[PDB]
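Presented below, as structure tokens, is a lone chain in the form deposited without this ligand.
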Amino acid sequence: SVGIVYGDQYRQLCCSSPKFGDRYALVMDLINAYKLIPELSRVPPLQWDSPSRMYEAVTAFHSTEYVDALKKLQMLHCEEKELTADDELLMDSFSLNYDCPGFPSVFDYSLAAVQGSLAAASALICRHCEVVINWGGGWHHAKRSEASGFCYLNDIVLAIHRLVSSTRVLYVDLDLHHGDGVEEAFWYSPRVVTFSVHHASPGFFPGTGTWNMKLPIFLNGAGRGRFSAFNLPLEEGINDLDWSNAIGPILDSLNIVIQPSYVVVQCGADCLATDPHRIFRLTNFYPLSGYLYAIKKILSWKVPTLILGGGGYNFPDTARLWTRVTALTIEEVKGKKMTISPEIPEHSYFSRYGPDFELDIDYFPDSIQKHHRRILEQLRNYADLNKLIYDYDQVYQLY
């Protein structure tokens, strides 16, 4: 089946942050408004038998001191008094500040995404689901002891750790931003191949995933993980077709050579032409959306796959995209036509889809060849180092 992570408390917690507001509610309520819920298997978020068991799960990646600090941040933001200077310094030492502020539910909110994506991994492992979706997860910037980019706990790393320890995993990051936290976690691990496509330019967050600044070279992993971290930085303005042609052959070659046991896809929606970032020009169009082209290709591999959320700051349009991603997954996996009306159905958040109330977003539409050459050589090097065999010319022909 196709699983999807939701529940009543989970929804309250995913909607409890200042930055992402009620986005999760719009997403799940649009999927429900389109009558997709009866097609899907609800995956309940994971819950633990003790604080010690929760800490054991979370500190598989994060340091205990960082988890302790994130929990203290929540407790302090649940009292009226201001923080002491010592507590400000403590939070500064974990970057729990500026773009990663505290709020009264910051730990419960961050932990919830971990609970969802770990439960999603488990459903794939025990083969209850062939694909699982978690639109409350995808927080790819969080590091072992550092919050970053409004990501406080890295649910993706923790899910991938569960999958690999249950084996090779292919991680695909479609967000506008470089998936640096996941890349870094698995920098020395050849069994987790990471691939991020993103915008990169001077001063643009987080700054990695591109030529490294001697002449600038492309770092790609280290130790036994050399060649195992892949990146495709793109300049602004790219449309559906060109983004699709940019990553299509890379994805297909990665599946052919890696032969992964699991695929984890981060599907951050901030590449949409209508996102307030206004960098890329992707759509949710479905006759083609770069997102739907990528997800359809990945699902055609028939590999157990985790689909996560991530960025996306135009909430109605992020719901518009992820609702189509969800319908496509049902169609590809179950083999069962999904007929979505081009008009937003009436439901609690119908008014947020003004003024036209259509499912299509309100948008009217050499450097990549060099990257493909570089990426082909890296995949060959990765295959060489890891004693994987594959038709070189059949792979080279994909590009």
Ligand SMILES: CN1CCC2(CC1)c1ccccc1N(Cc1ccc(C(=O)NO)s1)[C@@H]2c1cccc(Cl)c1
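The first residue of the sequence shown is number 1, and the count goes up from there.
> In at least one third of the other PDB entries compared, is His140 left unmodelled?
Replying inline: Counting only entries that model residues on both sides, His140 is resolved in every one of them.
> Among the other PDB entries compared that flank it on both sides, is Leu215 unmodelled in a third or more?
Replying inline: Yes, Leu215 lacks coordinates in at least a third of the other compared entries.
> From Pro365 to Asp366, how many deposited residues does the entry skip: none, 1 to 3, 4 to 9, or 10 or more?
Replying inline: Missing in between: 4 to 9 residues.
> From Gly203 on to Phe204, does the model leave out none, 1 to 3, 4 to 9, or 10 or more residues of the deposited sequence?
Replying inline: Unresolved stretch here: none.
>> Comparing average C-alpha B factors as deposited, tell me which of 48 to 56 and 339 to 347 sits higher.
In response: Looking at the record's C-alpha B-factors, the answer is 339 to 347.
>> Quick check: 63 to 71 versus 31 to 39, which has the larger average CA B-factor in the record?
In response: The entry gives the higher C-alpha B-factor average to 31 to 39.
> Considering only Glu184, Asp270, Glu82, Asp173, which residue's Cα atom bears the greatest B-factor as recorded?
Replying inline: The record points to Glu82.
> Among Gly311, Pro216, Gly149, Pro104, where is the Cα temperature factor highest, going by the PDB entry?
Replying inline: Reading the PDB entry, the winner on C-alpha B-factor is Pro216.
> Can you tell me which third, lowest, middle or highest, the CA B-factor of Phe94 falls into for its chain?
Replying inline: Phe94: CA B-factor falls in the lowest third of its chain.
> In terms of the chain's CA B-factor thirds, is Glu130 lowest, middle or highest?
Replying inline: Tercile = highest for this residue's CA B-factor.
> Based on the entry's values, in what third of the chain does the Cα temperature factor of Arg23 lie: lowest, middle or highest?
Replying inline: Middle third of the chain for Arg23's C-alpha B-factor.
> Would the CA B-factor of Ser165 place it in the lowest, middle or highest third of its chain?
Replying inline: It belongs to the highest third of the chain when residues are ordered by C-alpha B-factor.
>> Going by the CA temperature factor in the PDB record, which third of the chain does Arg320 belong to: lowest, middle or highest?
In response: Middle third by C-alpha B-factor.
We do not show the form solved in complex with this ligand, though everything after this point is about it.
> Which residue, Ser122, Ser105, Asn245, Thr210, has a heavy atom that falls within 4.5 Å of this ligand in the deposited complex?
Replying inline: None of the others qualify; the residue that does is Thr210.
> Which of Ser253, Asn231, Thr283, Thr323 has a heavy atom within 4.5 Å of this ligand in the deposited complex?
Replying inline: None of the others qualify; the residue that does is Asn231.
>> Using a 4.5 angstroms cut-off on non-hydrogen atoms, would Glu183 count as touching this ligand in the deposited complex?
In response: Yes - in the deposited complex, heavy atoms of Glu183 and this ligand come within 4.5 Å of each other.
> Should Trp187 be classed as touching this ligand in the deposited complex when contacts are defined as heavy atoms within 4.5 Å?
Replying inline: Although this ligand is absent here, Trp187 would touch it in the deposited complex, with heavy atoms inside 4.5 Å.
> Does any heavy atom of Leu219 come within 4.5 Å of a heavy atom of this ligand in the deposited complex?
Replying inline: Heavy-atom contact with this ligand at 4.5 Å: present for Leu219.
>> Heavy atoms within 4.5 Å of this ligand in the deposited complex: which stretch in 235 to 243, 83 to 91, 68 to 76, 187 to 195 meets that?
In response: Answer to the contact question: 187 to 195.
>> Only counting heavy atoms and a 4.5 Å limit, does any residue of 268 to 302 reach this ligand in the deposited complex, and if so which ones?
In response: Contacts from 268 to 302: none.
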